[PDB]
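This is what each chain is made of:
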Amino acid sequence: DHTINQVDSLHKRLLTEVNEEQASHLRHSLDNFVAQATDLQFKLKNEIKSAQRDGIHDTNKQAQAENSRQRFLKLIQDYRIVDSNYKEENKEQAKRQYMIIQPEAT
Amino acid sequence: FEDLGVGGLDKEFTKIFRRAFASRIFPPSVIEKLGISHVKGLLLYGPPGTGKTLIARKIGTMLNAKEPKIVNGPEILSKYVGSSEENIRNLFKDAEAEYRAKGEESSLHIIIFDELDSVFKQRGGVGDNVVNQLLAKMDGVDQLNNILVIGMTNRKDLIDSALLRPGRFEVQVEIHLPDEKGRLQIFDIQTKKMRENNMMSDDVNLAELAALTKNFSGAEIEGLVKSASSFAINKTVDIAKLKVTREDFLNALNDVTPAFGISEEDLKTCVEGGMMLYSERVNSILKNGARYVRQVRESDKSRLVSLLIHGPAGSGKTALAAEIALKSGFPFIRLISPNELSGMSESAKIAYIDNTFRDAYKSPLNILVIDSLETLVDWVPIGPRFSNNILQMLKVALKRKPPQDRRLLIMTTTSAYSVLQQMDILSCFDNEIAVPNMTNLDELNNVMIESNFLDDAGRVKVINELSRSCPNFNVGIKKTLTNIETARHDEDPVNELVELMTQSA
Amino acid sequence: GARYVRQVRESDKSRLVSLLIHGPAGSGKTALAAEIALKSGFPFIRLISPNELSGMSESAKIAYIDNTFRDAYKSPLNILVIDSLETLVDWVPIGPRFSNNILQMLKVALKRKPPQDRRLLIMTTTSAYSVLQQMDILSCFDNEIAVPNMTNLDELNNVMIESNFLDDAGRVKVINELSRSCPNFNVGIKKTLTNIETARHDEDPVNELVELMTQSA
Ligand SMILES: Nc1ncnc2c1ncn2[C@@H]1O[C@H](COP(=O)(O)OP(=O)(O)OP(=O)(O)O)[C@@H](O)[C@H]1O
Ligand SMILES: Nc1ncnc2c1ncn2[C@@H]1O[C@H](COP(=O)(O)OP(=O)(O)OP(=O)(O)O)[C@@H](O)[C@H]1O
Ligand SMILES: Nc1ncnc2c1ncn2[C@@H]1O[C@H](COP(=O)(O)OP(=O)(O)O)[C@@H](O)[C@H]1O
């Protein structure tokens, strides 16, 4: 969750960054946070699957597993939302820049 | 069919015999009572080095034709007006003469064109005149029905539309790579001198050898056998019993490199530095790769998969892709990296890429790796700039399904995920792997023990100093290894190693 | 589409008609176009795709297209399909860069009436309707069908049963789970099929498919 919120913050900042060097630094930090997010996703995937398998015979363990599942699902939803919003915003900016008369020919 | 020296090609001979020669075998009385002409052309196509020239030559011999007259594509051209096409006219003279003189009892002539798709492009320069000449002669106002012309080519889809009409090039055939039965039969044909004349030992089992060689082209097996015999005889120098054993065969098989096979040496060079599991991630990543490999091999509908691995610079990304590939056992393995492409012209780049992709579709089973994207695409941020056409070549390629049941996996790596987002290309890819760098001290401990940097005292003290000094260590493996070597070959490990590690993070 | 086919086959004046299929990516447009084509019996049917236009030079692309159009005119009844216009032209958004010549040629070609009362139908497909508005090319088209995504669970169940993937308890479990796990649901059919098939191999039970369907929406 913490990493997802950091990704959202970098998304918002990269929309406004005009210094090319800072934008590059933001892109690389973004790459680091995205990579960490994917790795946590894979780890939780395997660990939760193993916990649900381990809880088959104990209603309390099953309950724990299902709670983890719910929370992980909420995390996934949050990720999806962030991603969608950012895509939609990147579209409006890509519209902004070129919908006007342009610098003199090549 | 097989009494003559051609192995594995069975249906083709039935097909060609039924269409070509069923109208030249029976006595002329019957066929003239049937009033049909004879086929006057044949186009057989396929990858090089499969035996097209051989079959073409043999066809003449079965019909007791005149000796073949032969030419190859690019040599036709000249630079004087009206000389470049006169040659195409020369080749039919003798046939015309004999037809006029004798009549309907003449003996069949044969002509062989090579690399037809060098010159005969779609029309609409010299090229049009060349094509026009060939059309006007191959079927003209004057009847001439004692000839046959044979064509061999690699790319059927650029020959002009008019030569392929019923009347000029009627029968179109494909020659594909040998199967297992083909390889076994090829061995049987090839080792006839050695068998009857008794210089082959009794221990060698050619069935096993056929089972061992995959995607061998059918020509190179000759190379293998002659090399093995040369190996044995040179080893001898004694005339007791000159026998070739399985040893020589194994040696030669090891030596040769097929064209449509694994390119091991590059992939070995890629991972020269060794794979040590300094943390838990490596196992997980490799497991993921193996899973996907299985998915490719076992399915039926998922004939293609696109998989991306991405992460920060210097994190050691490409080596993992290599390791996954080399631990798979697929026959066909090629690698595309900037090192090859450097120095070429743009057209050359696109041509190379196109050919490389086109190659894989022929083999049953393929894995293909791409080294880096921003580099190939000429990205540079200021402006920014890049070569578009290459980008499109890749973009269209990454969606092509193999034309037939053949199967392909494609792997690629990059350092600039976000930039790929921004160009809007990401829709091609199905699954993603992340490769982060080290942010721990015990990891550094594992790598120093594997590299055996120093004795335990130095090791313990440096981990202690970095524990107390750097709290949020974060660097890739590249700088770690090179820095470790630098400290080793330099003096006083604390004096540099600790400082350099701090300065790098 | 059937109505259009009939209308073109029998109308003295209506010699030329141009349709436009547009919709979100992965909605599966080309399949529909092909199905419309196959059930018409029009003797001349031929296809242009970026697939065939691979690795040539620009002029060659022009020559190829021009030849194909020319070939179409020498027959009484004809149908052509054009795949992924906005990709024949090599549109890329940063700049943006694209080739002008091919665009102009198509702009011209789509309007030229065939000679001697011969009959033609043209279909084309796209996934970037907005940029087409922006380039001011939409005048050429006489009508526009729209294809949206699937957006309900019952449809997804229909897809499972046509795939025969589901078991009887499996469908109940998955449908209920997703019914509470996802308020809004919208995906392309292509991705759905991919997911059903990858889920059919490993861990067949409802789990893998449920979270995969989540990981699509
Ligand atoms: N666990 C590991 N995984 C990958 N590479 C490793 C590992 N441990 C050590 N290495 C070293 O990393 C190198 C292989 O990675 P490679 O050179 O392909 O890096 P890369 O990130 O692709 O490079 P680049 O910075 O050029 O993009 C070798 O020197 C290898 O020994
Ligand atoms: N009724 C259907 N409608 C659409 N697609 C279907 C249908 N039934 C099955 N399919 C499958 O889904 C695919 C739809 O996607 P298709 O290959 O047409 O891609 P597309 O969305 O047109 O292309 P692009 O990726 O260029 O946007 C069909 O090719 C077929 O494999
Ligand atoms: N199927 C085959 N049967 C027999 N010999 C073959 C076969 N394929 C290749 N060869 C051998 O390889 C050579 C065939 O040459 P070929 O593959 O046609 O090369 P090119 O196409 O350059 O002429 C001959 O030595 C031939 O005996």
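We count residues from 1 along each chain, following the written sequence rather than the entry's numbering, and we skip any residue without coordinates. Chains and ligands are labelled sequentially in the order written, the chains with letters from A and the ligands with numbers from 1. Consider the displayed chains a part of a larger assembly; each reported value belongs to this part rather than to the entire assembly. Hydrogens and water molecules were not included; the side-chain quantities draw on all heavy atoms of the structure.

Identification of chain C as Vesicular-fusion protein SEC18 from Saccharomyces cerevisiae is taken from the PDB entry.

The PDB entry lists chain B under the name Vesicular-fusion protein SEC18, from Saccharomyces cerevisiae. UniProt positions are given in the numbering used here, feature names are shortened, and annotations may be inferred rather than shown by experiment. According to its UniProt record, chain B has this under Function: "Required for vesicle-mediated transport. Catalyzes the fusion of transport vesicles within the Golgi cisternae. Is also required for transport from the endoplasmic reticulum to the Golgi stack. Seems to function as a fusion protein required for the delivery of cargo proteins to all compartments of the Golgi stack independent of vesicle origin."

1. Some points on the packing of helix 22 (residues 477-489) of chain B against helix 23 (residues 493-504) of chain B
All names here are of chain B. Axis definition: a line fit to C-alpha positions, over the contact stretch in the case of helices; interaxial angles, taken between N-to-C directions, run 0 to 180 degrees. In this description a helix means any DSSP run of H or I spanning at least four residues, a strand means any run of E spanning at least two, and both kinds are numbered starting from the N terminus. Contact geometry of helix 22 with helix 23 gives a least axis separation of 10 Å together with a crossing angle of 155°. Viewed along their axes, helix 22 and helix 23 adopt a mutual orientation that is roughly antiparallel. The way helix 22 lies across helix 23 gives a crossing that is right-handed. Together, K479, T480, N483, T486 and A487 of helix 22 and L497, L500, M501 and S504 of helix 23 make up the contact between the two elements. Residues are grouped as follows: nonpolar covers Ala, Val, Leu, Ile, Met, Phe, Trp, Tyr, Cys and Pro; charged covers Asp, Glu, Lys and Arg; every other residue, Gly included, is treated as polar. Split by residue class, the contact of helix 22 with helix 23 holds four nonpolar, four polar and one charged. An angle below 35 degrees is treated as roughly parallel, one above 145 as roughly antiparallel, one from 65 to 115 as roughly perpendicular, and anything else as oblique. Helix crossings are classified by the rotation of the near helix relative to the far one: an anticlockwise turn of less than a right angle makes the crossing left-handed, while a clockwise turn makes it right-handed. The contact criterion used throughout is that any non-hydrogen atoms of two residues lie within 4.5 Å.

2. What about the site of ligand 2?
All names here are of chain C. When at least one non-hydrogen atom of a residue lies within 4 Å of a molecule or strand, that residue is treated as near it. Around ligand 2 lies a shell formed by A25, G26, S27, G28, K29, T30, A31, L32 and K190. Polar contact is defined as a pair of N or O atoms within 3.5 Å, subject to the rule that within protein one atom must be able to donate a hydrogen and the other to accept it, and that residues adjacent in sequence are counted only when both atoms are side-chain atoms. In the model, an oxygen atom of ligand 2 is placed 2.6 Å from a nitrogen or oxygen of the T30 side chain. The separation between an oxygen atom of ligand 2 and a polar side-chain atom of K190 is 3.4 Å. Method for areas: the Shrake-Rupley scheme with a 1.4 Å probe, in which residue coverage is limited to the protein chains shown. Contact with the protein chains hides 57% of the accessible area of ligand 2, taken as 620 Å² for the molecule alone. In terms of residues, the shell around ligand 2 owes the most to one element, helix 2 (residues 29-38), which gives four residues. Residues belonging to the shell around ligand 2 are distributed by class as follows: three nonpolar, four polar and two charged.

3. Considerations on the side chain of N78 of chain C
Residue and element names in this part refer to chain C. Following the sequence through the fold, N78 ends up in strand 4 (residues 77-82). There is a polar contact of 3.2 Å between the side chain of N78 and the backbone oxygen of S75. Non-local contacts of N78, meaning those with residues more than four positions away in its chain, are made with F42, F44, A72, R119, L120 and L121.

4. A closer look at the sheet that holds strand 9 (residues 407-414) of chain B
All names here are of chain B. Reading across from one edge, 7-8-9-6-10 is the order of the five strands in this open sheet, with parallel pairing throughout. Both edges of this open sheet fall to strand 7 (332-336) and strand 10 (431-434), since each of them pairs with a single strand only. Here the strands of the sheet are splayed against their neighbours by 15° on average, with no regard to which way each runs. Any two strands between which DSSP finds at least two bridges are classified as paired. One ladder, built from six bridges, connects strand 8 (residues 365-370) with strand 9; its direction is parallel. By the bridge assignment, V369 is partnered in strand 9 with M411.

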